[PDB]
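Chemist:
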Ligand SMILES: [Zn+2]
Ligand SMILES: [Zn+2]
Ligand SMILES: [Zn+2]
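Chains as they are written, first to last, in the entry's author numbering: chain A, 1 to 67; chain B, 38 to 800; chain C, 274 to 329, 354 to 422; chain D, 731 to 876; chain E, 901 to 1050; chain F, 1121 to 1236, 1255 to 1363; chain G, 69 to 198, 229 to 264; chain H, 349 to 390; chain I, 1 to 43.
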C-alpha cells in the first residue's frame, strides 16, 4: 500500500527513493529507467521494488472519516 | 503511424461503452424500463366476483420515483446497506385506477413492495459517479457492480444457459429412440413440449397432455393437410429413399379408417387429459389441441392450419432423414443450440409470479368486505394493499438470498440460481461475474457437456473452468462478446416478403423441397428462388442499420434452408467485415478512433464491423491476421487474444504453456490474495485476506490493462533462482528466503467479522 | 460458385419471362398472378429512390414500366424507384384459376381465366 | 513437415474425386484418416529424432529423462520440435461447425492444419487455431482424470 | 485483524498453474548469490518444468528481467507480447547473459556452482490456503448426541 | 478393453458389448476356402442375395415375386441353392406364411403366393420378407477373415453362439474361443470358464501396463468358480 | 441501356376478386395444359371465407355404384373446401397490346378435397343406439351463401381499362 | 420427505457405511504435508 | 403399392372385390380400377 522500506532481496533501503522517484518522472522527465539509475538502483532486485510498486495509500486515504 | 497491428484498439473501444458486466447490467435495465410494463399489462384489471362493478386496474408502474417528484428518491447508499445488513432496494410506485363509492378514482404513487436493485444499473446511485462521489459513498470505482445487496450479503445472479427454446432438436441412438423435442414457451400462455418418436418403424406424436400417442398421418389430417399425396410430398419429396421409410405411416391412417379432418380431430379429442371446465365435444377439444396445446408458440387463430401443418411436416422430415442416415442428428452441446438466460429474464419470471400471487390474494380479500354488512359504508379498497405488499418485498428478497426458485405458476424449481460474490481477490469479484451455469448438474454422463466445443472460439473462454467435479459444466464468457437482445419479429417477417419470399399459404406443397425455404426462428415462412441474393441483400440491410444488428441470417445447404434468428440469449462476437480480399477498416478509421471521434458503434453504423452469431459463423470464412486475407474471406479478427476471458488474461504467454496448466491458473488466480478495493479498510466482511505490499506484474498483459488489474494487484515479484537446492523442494515445495520474509515478502493479513444482534423480545 | 449459378439461372429466367409475357399477349381471359411488395412508393408526391429504400391501396394507372435491357435482363421501375424481376415462385403443379365474388344479391362466381405462372419483383437493395 | 503437408495434399485431391482404395476394414473416408493420421504421426518421429539427437550434453531436460526424473523424451520434443497431432477420443478434431472444424479454415477441408496438427513448439508459441485445438484435447484428458 | 507471515506450509504460486508449498525457510547467508550480491527470494525446482511444459514461465523470467533492467514493464499477452530475441538484446546490453542464466556462487561453501543458474524475477502470488487455518488435531471432545461418535 | 471390460467380467454379464469369437480353420492357406467357411458362419440376409422383391396382382392370384441370382453365389461361394432359400423362408415363421403356398419358378425366382384385409398383411409381408436370414447363424452379426502374424487365417466371428461355430465344418472345434465367459460356461463347463476368466483378465490388464502377479488373478477366477 | 418499355398499369379496387388453387389437379398432362374441371355448383360463406366447389365426376369409367349408393347416399359430385386467407402484394396480370394490367387479388384459396358424405354417415350412424374455437363456431352456424356460376366474362377485360383511362 | 427408520439406515451417510464401517475417530489430526529429506524413511 | 387415386389422392388399397376379381379402389372415394395386372419394383 506504501513503499517498502528495504529491498527484499538485499535490504538496500529504497523507501527514501519513492518521493524522489516521482519528481524525476514528473518534472525534468526521464524514461523510468534512467530515473532509476540516477537514484542509484543498480541491482534488478532493487529496481523492481519501486518500478512495480503500486501506491495504494493515496487511494485508501480518500475514504477516511473527514475528521 | 498506423498499420495491421493497430486494429486491437477497437477492444478498448468496445469495452469502454459496454464493459464486462453488461450481461447483468443491461438485462436489469431492460427489466425496470421495459419488462415492468409488459407484466402490468399482462394482468392489469382486478375483477370482483361479488358485485361485478368494483374493478381495479393499474395504469403504469415505475421504480424509485414518485410522479409528482421531479427528483429520484433518496436511497440508503450501497455501503451502508452492507454495514447495517439491509437490502439495497428501491420503492415500486404503482399508481392505481379503482372504484370508490359511486365514482372511479385514480390514486397516484401506491408503493407495492420494494425492488432490490442491482448496483451500477440505472436506478442505482452509483450510476455516473465521478470517482469523487464514489469516495463520499464509500464505494470502490473499480468494483464491477452487477450484483445485489440482500440482507448485507452481496449476491450475484449467475448467467444460466438453457437449450434453445422454440427450435427443433433431433436425437437418436441404437434401439431406435429417434425423438424430437420442441420445448415451446410463450411466456406462460402455454409452456409445453412435444415429441416425435419412431416405434417399430412407425412415426408417432407423444405429448404430455395426451393419454396415448397419436400416429403421424392422422395428425396432419387433423390439420389442413389431408390430401395424403402431399403428405408424401411434405416429408419425402421426390427422394425415393425417403418414400420407403414413410410409407408405413400412410396405411395406418387407412387402417383406422380416418379420412377427413372431421374424423381426424375426433381421434385426438378422446385422447386428452385435464378436461375441466367447458364440457365441450371431442371435435371442440381436438380442434383445441391443435390450437394452443401441442406446439404452443405456433398459436392458430382461424380455420387455416397450414403453417402449423408445415411445421410438424418439417419436424418429421428431419426424422426420416435421421432414420435413413443416422448421422443427421443435432448436437445438444453446440453453442448455437444454447440460450443464455440473464438476470432480467429471471427476475421477470420471479416478479410476475409474485404479482400474480399479489393479485390473487388481493382479490380474495377485496370480496371479504363486499359480501359483509355495512353495505352503504363504502371502502376505498386501498387499505389492504399493504397487507400483501410485504410479500412482494419478502419474496423478492428471499429468492435472491436463498437462491431458491419456487415459481408455482411457471412450474420450475431451480436451485443454485444465485451465489455470494467472492471477495478473495479483485479477480474473484470479476470472475464470479462473466460466469455461466448449466443444466447438466443433476444427472451424470461421460464425455458429453464437459468437453469444450470448437464453436466457443471467441464466445466462451477456452481455459477458465474449475477442475474436479465441475470441469466443463461451469464456463466463462470472453472479452468481446455480447448477448443478443430479443426483439420483434413481425417487422422482420414483413421484410422477408418484400425481399422476395412468397408465403407458405401461396406455395404448392409438391414443389416445396426444390427451393430453399426461409425460417424465421425455426418456423417455415416462405420459399426463395434465389437464396444467396436474398441473404446478401439482408446483410446489406443490416450493415446499413435498417434492420437491427443482433439479427443473424445464415444459409444452410444440406438442410437447404435460410434461417433467420432474432430471439435473445444468443452470444454475438464483433468482427471486422472484409470485402473483395481487403479489410474494410482502413487506417483512416483507426486514426479517427484514437483521437476521440468515431467510437465503437460508429464502426457498426458506418458498416465497418459486425456482430456474428455462432450460427452465422457457419456462413463465413474468417481471417485471423491481415496478412492471411485471401479473396474468399469475409471477416477478420479484431483481436485474437480475446479467445481467453478475464481471468485467463492474467497468465503471461499462455500460448507457450501446456493447456492444462492455463486452466489451473484460472482457479488459482481467484484464490491468490492481494488488494480488493479502495474501501477495503472501510468494509466489515466475513473473511478478508489482504496483502501488505502488493506489486504489479513485471510481465503484464493487454487483458489486465483492460480490466484494471494492475491497480489492485495480487502478488509480488520474487527473485527466483530456478535450481535444485536443500532437498526440501522436491515435489512442488519451494525454498524460501528468511530475510525476504523479514522485510515483507509475501506477508498477508486476515480480517474477520463477528455479528451479534441484541434482540428485544416479546416479554 | 453458387452466386454464379443463381446469376445464370436468373439470366435463364429473363428470356423465359420475355417469351411467356409476349406469348400471353391478346390471348383473352388468361392471367398471371405476380407478386409486388406490400408497400409501394407514393404517387401524389414522388418518394425518391433512397427514401423508399429506408422505411420499406387506391391507384389510377400507368404507375410503372417493365424495361427490357439490351444485354439480357429486365427491370421493373415504378415511379422513380428501380426494382428487379424474376420468375421466382416455382414451377407450379397445382392448377390455378381466378374467381370474382359478388356481394349480396347479384351473387355470382365469375370464372375469369387461368394462371400462366408467377413472377416476383423486389426492391433493388 | 512440408513433405508431409505435400503428401497429405496429394492424398485429399485423390479423395475429393473418388479414387482411394481402402483397407478391408474401412471405407474411403476412414481410410483417408488412417493414411493422413499415420503420416502426421511419423513426422513427430522424424522431427523428434532430429531434436533429441541434437541437444548437447548438459542439456537439463535431457538429463532429467536419461535419469528417470520428471521428463519424457516426448515432452522435450514438444517443447523444442513439433507438438504434433491433437488426438481427441482417438480421432482427430471433430467438425465443431457445419462441415469444418473451425471458421478460420475453408469449408470441406481435411488439411492437417485444419483438423488438429499443431506445428509450433511450446517455445515457438501456438497459433490461434493451434491454441484451441490443443486446448480441446487438454480438457478431454482433464476430465478423463476425474 | 490478524497479521501473519509465511510459515512452512503456505501455498505460493506463479501464474502458470505451478502451485507449491513452502518447504523450508533459509537464512540468506545460505542462499546463492551473484556478482552483484543478489540472492533469490524463492528457489524453484527444475523438475516442475519438463513434465508440465510451462515454457511461458521461462519467457516470463527473461521478459521480467530484461524489462526491469530497461526500466519498462513488458508484455506477455496471448499470441503476441514481447519477443525473446529482443528481450535477449536488452539483456546483453547490460552485461547479463542472453538466456537469463547467471553464474551464481554457493552461499554454503563459497564456490562457483557448476551450472549456470536461470535467475530473474517471476511474479509470485500467495494463496489463501494457509497451514494455520488447516492444522487441527483432536484427542477427545464433543460427541454427536445420536451416534455418540466424535 | 477398458476398465468396463474388467467390469463386465467381474460381474457375470449375460449380455456384453463386442463379443467377438475366434475360430481356427483347417484351411489356413487357401484364401478361397477361407471365404467358403466365412459365408457358412456369416448370416446372409435375403437382400444381399436377391435382385428385387415385388408383388403382382392378377385377377384372383396375388403373390410376392422374388428374383435372386447365381452370380452372387459363385463370387461369395455359398453352398446355397434356390430351394433351401424357400425352405429358409418357411423356416422363419415371423411373418405367418401358411407355408404350403410357396412356389418356385425356374432357376432364378421364388413366388410367395398368398390368399385369405388382404392388402394390409401383404404390405407387411412385403417389407418383413427381404431381411430374413437365408443361410448362416442368426446371432452372428458379422465376420472378418483375419491374417495372423505368421500368415495364418483365423477368422473373427463377432456373434453369440459358440456351439454352432465350433461344429461348422472347416472350423476346428478344439481351438476356437470366445470373449463371453458365461457362454463358454454353457458349452465348455465350469473349469473351462475358470480358465477363461483368468485369461481375459491377464489380457485386459496387460494391454495397459498393470503387471499384477498372476496368482492374484487365479484366486479371482476361483471365487467365481 | 434499355430497348423497350411495357406500360405497367394498375386497375381499381371495387372487385374483391379471389384466386383458386386446386391442390389435386396437375397443370400439365402431355406438356399441354390440363383441362379445367368443367361444371361446378359453387357456394361461398362470408365471415368465414370458405369456398366449396362441387365438381361432378364421371360415372361408367372408374366409378363403382354399390359403394357410393349403399353407405354414402349415392354421391357423384366432389366438394372441394378451401379457406381464403389474404396475402398482400398479389396482382393478376392480363396483357393487352404489350401493356400489363395489375388487378389486386384479394384472397387466395388453397382448394383441397372434402367429404361431406362422411359427415352424413357420422350423424346418421350414431342415432340408432342413441379463441379459434369461436372461429369454427362462427363457421358452422352460418348459411353458405350460394353463388351462381359464370364462365367466360369478357366485360371485366374492358372494366379495368375504363378506369385506367383517367 | 421425512426420514423414516429405513431412511436412517440407507445411503452413505446412514448407519451401515457412515456409522458402522466408517466413523470419525479420536486421537487423530490433519495437517498440510511438507518435505524433509533429513529424517529417516520410517 | 404406393399409388394414389385421382380426385382425392388417398392411398389405393387393393381389395378382394365381392369374392371375385381383385380391384384397387380408394376408400372414402368411389374411384376404382378393375382388371389391373399391375406390379412394382423394389431392389
Ligand atoms: Zn524492505
Ligand atoms: Zn536488492
Ligand atoms: Zn379416392
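Even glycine gets a Cβ: it sits at the ideal position worked out from N, Cα and C.
1. Could you tell me the distance, in whole angstroms, from the CA atom of residue 1225 of chain F to the CA atom of residue 1177 of chain F?
2. Using the Cα positions of residue 313 of chain B and residue 116 of chain G, report the straight-line distance between them to the nearest angstrom.
3. How long is the line joining the alpha carbons of residue 1360 of chain F and residue 1334 of chain F, rounded to whole angstroms?
4. Please compile the residues from chain D whose C-beta is within a distance smaller than 7 angstroms of the C-beta of residue 655 of chain B.
5. Per DSSP, which one or two residues make a beta bridge with residue 243 of chain G?
6. Short check: CB of residue 407 of chain C to CB of residue 391 of chain C, under 8 angstroms?
7. Run down chain G in chain order and give the residues with a C-beta less than 8 angstroms from the C-beta of residue 3 of chain I.
8. Taking the alpha-carbon positions, what's the residue 226 of chain B to residue 18 of chain I distance?
9. Here's the rule I'm using: 16 or more other beta-carbon atoms within 10 Å means buried, otherwise exposed. How should residue 681 of chain B be labelled?
10. For a test of the three-state rule: what should DSSP assign to residue 576 of chain B, helix, strand or coil?
11. Going by CA-CA distance only, name the one from G/242, G/259, G/260 and G/246 that's closest to residue 113 of chain G.
12. Taking 7 angstroms as the line, does the beta carbon of residue 49 of chain I fall inside it for any heavy atom of ligand 3?
13. Can you tell me whether residue 566 of chain B is helix, strand or coil according to DSSP?
14. Is there a C-beta anywhere in chain B that falls below 8 angstroms from the one on residue 1258 of chain F?
15. Using a Cβ cut-off of 9 angstroms, pull out every chain G residue sitting near residue 32 of chain I, in sequence order please.
16. Exposed or buried, residue 788 of chain D, counting other C-beta atoms within 10 Å across all chains shown (16 or more means buried)?
17. Is any heavy atom of ligand 2 found at a distance shorter than 7 angstroms from the C-beta of residue 119 of chain B?
18. Applying a beta-carbon distance threshold of less than 8 angstroms, which residues of chain H neighbour residue 1038 of chain E?
19. If residue 404 of chain B and residue 193 of chain B are in contact, beta carbons under 8 angstroms, what's the gap, nearest whole angstrom?
20. Under a CB-based cut-off of 8 angstroms, is residue 7 of chain I close to chain G?
21. As a quick exercise: from B/169, B/61, B/590 and B/199, pick the residue whose alpha carbon is nearest that of residue 467 of chain B.
22. Just the residues with CB closer than 5 angstroms to a heavy atom of ligand 1, in chain order, which are they?
23. Could you check whether the Cβ of residue 264 of chain B sits closer than 7 angstroms to any heavy atom belonging to ligand 3?
24. Three or more beta-carbon pairs under 8 angstroms between the stretch 906 to 918 of chain E and the stretch 748 to 760 of chain D, yes or no?
25. How long is the line joining the alpha carbons of residue 411 of chain B and residue 139 of chain B, rounded to whole angstroms?
26. If you drop the 5 nearest sequence neighbours on each side, which residues of the same chain put their C-beta closer than 6 angstroms to that of residue 767 of chain B?
27. At least one CB of chain D closer than 8 angstroms to the CB of residue 692 of chain B: is that the case?
28. Taking residue 1055 of chain E as the reference, which of B/732, B/786, B/787 and B/775 has the closest Cα?
29. Can you tell me the Cβ-Cβ gap for residue 1000 of chain E and residue 957 of chain E, rounded? I've got them flagged as a contact below 8 angstroms.
30. Go ahead and label residue 348 of chain B buried or exposed: buried means 16 or more other beta carbons lie within 10 angstroms of its beta carbon, across all protein chains shown.
31. Under 8 angstroms between C-beta atoms, does residue 1262 of chain F make it to chain I?
32. Closer than 8 angstroms, Cβ to Cβ, to anything on chain H: give me those residues from the stretch 777 to 794 of chain B, in chain order.
33. Would you identify the three-state DSSP class for residue 788 of chain D, choosing helix, strand or coil?
Modeler: The relevant details are as follows:
1. In the sixth chain, the residue the question calls residue 1225 of chain F occupies position 105. In the sixth chain, the residue the question calls residue 1177 of chain F occupies position 57. Between residue 1225 of chain F and residue 1177 of chain F, the C-alpha separation is close to 17 angstroms.
2. As a position in the second chain, residue 313 of chain B is number 276, starting the count at 1. As a position in the seventh chain, residue 116 of chain G is number 48, starting the count at 1. Taking the straight line from one Cα to the other gives about 29 angstroms.
3. Reading the sixth chain from its first residue, position 222 is the one you call residue 1360 of chain F. Reading the sixth chain from its first residue, position 196 is the one you call residue 1334 of chain F. Approximately 11 angstroms between the Cα atoms of the pair.
4. Against the second chain, residue 655 of chain B aligns to sequence position 618. Residues of chain D passing the Cβ test: 827 and 828.
5. Along the seventh chain, one-based indexing puts residue 243 of chain G at 145. G/112.
6. Here the question's residue 407 of chain C lines up with position 110 in the third chain. Here the question's residue 391 of chain C lines up with position 94 in the third chain. No, the pair does not count as a contact, with Cβ atoms beyond the cut-off.
7. If you number the ninth chain from 1, residue 3 of chain I lands on position 3. Correct list: empty, because the minimum Cβ distance to chain G is about 13 angstroms.
8. Taking the first residue of the second chain as position 1, residue 226 of chain B is located at position 189. Taking the first residue of the ninth chain as position 1, residue 18 of chain I is located at position 18. So the two alpha carbons sit approximately 54 angstroms from each other.
9. One-based indexing of the second chain puts residue 681 of chain B at position 644. Looking at its Cβ environment, which holds 16 or more other Cβ atoms inside 10 Å, residue 681 of chain B is buried.
10. On the second chain, residue 576 of chain B is found 539 positions in, with the first residue counted as 1. In this structure, residue 576 of chain B counts as helix in the three-state DSSP scheme.
11. Position 45 of the seventh chain holds residue 113 of chain G. Checking every option, the nearest Cα to that of residue 113 of chain G belongs to G/242.
12. The structure shown does not extend to residue 49 of chain I, since chain I is modelled only from 1 through 43, so no value can be given for it.
13. To locate residue 566 of chain B, count along the second chain from 1; it is residue 529. Residue 566 of chain B falls in the coil class under three-state DSSP.
14. In the sixth chain, residue 1258 of chain F corresponds to position 120, counting from 1. With 8 angstroms as the cut-off, residue 1258 of chain F counts as an interface residue toward chain B.
15. Locating residue 32 of chain I in the ninth chain gives position 32, counting from the first residue. In chain order: 130, 131, 132 and 135.
16. The residue given as residue 788 of chain D occupies position 58 in the fourth chain. Classification for residue 788 of chain D: exposed.
17. Counting from one through the second chain, the residue named residue 119 of chain B turns up at place 82. Incorrect: residue 119 of chain B has no Cβ contact closer than 7 angstroms to ligand 2.
18. As a working mapping, residue 1038 of chain E is identified with position 138 in the fifth chain. The contacting residues are 374, 375, 376 and 377.
19. As a first step, residue 404 of chain B must be located in the second chain, where it is residue number 367. As a first step, residue 193 of chain B must be located in the second chain, where it is residue number 156. Incorrect: roughly 42 angstroms between the Cβ atoms, too far for contact.
20. Translated into the one-based positions of the ninth chain, residue 7 of chain I becomes position 7. Yes, residue 7 of chain I counts as interfacial toward chain G.
21. Position 430 of the second chain, counted from the start, is the residue given in the question as residue 467 of chain B. Answer by Cα proximity: B/61.
22. A/4, A/5, A/6 and B/780
23. As a first step, residue 264 of chain B is located in the second chain; it is residue number 227 there, counting from the start. Residue 264 of chain B Cβ: outside cutoff for every heavy atom of ligand 3.
24. no
25. Residue mapping note: residue 411 of chain B aligns to position 374 of the second chain, counting from 1. Residue mapping note: residue 139 of chain B aligns to position 102 of the second chain, counting from 1. Computed Cα separation, rounded: 15 angstroms.
26. The residue labelled residue 767 of chain B in the question sits at position 730 within the second chain. Excluding residues within five positions, none has a Cβ falling inside 6 angstroms.
27. Taking the first residue of the second chain as position 1, residue 692 of chain B is located at position 655. Yes, residue 692 of chain B lies at the interface with chain D (some Cβ there is under 8 angstroms from its Cβ).
28. Here chain E comprises residues numbered 901 to 1050, so residue 1055 of chain E is not present and cannot be evaluated.
29. For the purposes of this step, residue 1000 of chain E is identified with residue 100 of the fifth chain, where counting begins at 1. For the purposes of this step, residue 957 of chain E is identified with residue 57 of the fifth chain, where counting begins at 1. Not quite, the Cβ-Cβ distance comes to about 12 angstroms (not below 8 angstroms), so this is no contact.
30. Locating residue 348 of chain B in the second chain gives position 311, counting from the first residue. Its Cβ being crowded by 16 or more others within 10 Å, residue 348 of chain B is buried.
31. Within the sixth chain, the letter at position 124 stands for residue 1262 of chain F. Not closer than 8 angstroms to any Cβ of chain I, the Cβ of residue 1262 of chain F fails to qualify, so no.
32. none
33. Reading the fourth chain from its first residue, position 58 is the one you call residue 788 of chain D. Three-state result, residue 788 of chain D: coil.
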